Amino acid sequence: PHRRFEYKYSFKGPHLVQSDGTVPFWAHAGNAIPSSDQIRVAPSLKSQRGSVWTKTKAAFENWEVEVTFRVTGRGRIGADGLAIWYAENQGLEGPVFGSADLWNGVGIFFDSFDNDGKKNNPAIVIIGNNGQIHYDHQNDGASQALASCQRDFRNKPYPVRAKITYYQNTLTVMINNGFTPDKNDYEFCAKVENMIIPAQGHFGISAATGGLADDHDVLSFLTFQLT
């Protein structure tokens, strides 16, 4: 399968922000702070929300995004986590990891905080939605999850990497857990066969905190069209 880099649906350093503090081709909101080499989507302060979404919609039959990020916090426990989005509408502000609920498309949620006390966090949870599901915060989306894995993406020596592929109707999530310098040491995390998502969507990334708070940083969001 051929890969085409798509600049208009991507961002990265080392000149990530423009002199007016904007990120080219993306809109940010809440308390996201863009800087020259990363976006602090939500800093380690109480009750924060931030997001970053593409200004325009992508129309790709198949795609792959690589998101390189850090979640960092004093505790062995942190909150709330970080979400990667492909959705019909920009979800700039809202209660779902800092973005709009009732989205149409897919959220991949990197959920640090064990809301339902099931000792199964940090987790990565894939959640499809059609415009009508209210995200179940209290249960870490457990009943709404098309698929999930357990993976501790917090406080790692190198950046964590999520490779998210939509190809021939299957959504795969692969994670490089950041233990070593090898940027290609990916491990399988989850997969959903026969996933339907809009033919046009905004990509996005968002994060939030509560009483506990980590710094949520995205160094780069890199989007490819597959054919």
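Don't overthink the numbering: it's just position in the shown sequence, from 1. Heads up, when I say rigid core I mean the largest set of C-alphas that superpose within 1.5 Å between the two forms.
Review point. Which is farther from the shown form in 8 other deposited structures of this protein in C-alpha RMS with the core fitted, 57 to 65 or 179 to 187?
Key: Result of the core-fitted comparison in 8 other deposited structures of this protein: 179 to 187 deviates more.
Review point. Per the entry, where is the mean C-alpha temperature factor higher: 9 to 17 or 199 to 207?
Key: Comparing averages over the C-alpha atoms only gives 199 to 207.
Check your understanding: Is the mean CA B factor in the deposited entry higher across 105 to 113 or across 126 to 134?
Key -> The deposited B-factors put 126 to 134 ahead on the C-alpha mean.
**Study point:** Out of 84, 71, 142, 79, residue topping the C-alpha B-factor column of the entry
**Key:** In the PDB entry, the greatest C-alpha B-factor among 84, 71, 142, 79 is found at 142.
Review point. Looking at 160, 27, 190, 59, which has the highest Cα B-factor in the entry?
Key: Across 160, 27, 190, 59, the entry lists the biggest C-alpha B-factor for 59.
Review point. Taking the C-alpha B-factors as the PDB entry records them, is residue 169 in the lowest, middle or highest third of its chain?
Key: Its C-alpha B-factor belongs to the highest third of this chain's values.
Check your understanding: Comparing residue 220 with the other modelled residues of its chain, is its CA B-factor in the lowest, middle or highest third?
Key -> Its C-alpha B-factor, which the entry lists for residue 220, ranks in the lowest third among residues of this chain.
Check your understanding: Going by what the PDB entry lists, where does residue 47 fall on CA B-factor within its chain: lowest, middle or highest third?
Key -> Answer is middle: the recorded C-alpha B-factor places it there.
Check your understanding: What third of its chain, lowest, middle or highest, does the C-alpha temperature factor of residue 55 fall into?
Key -> Middle third.
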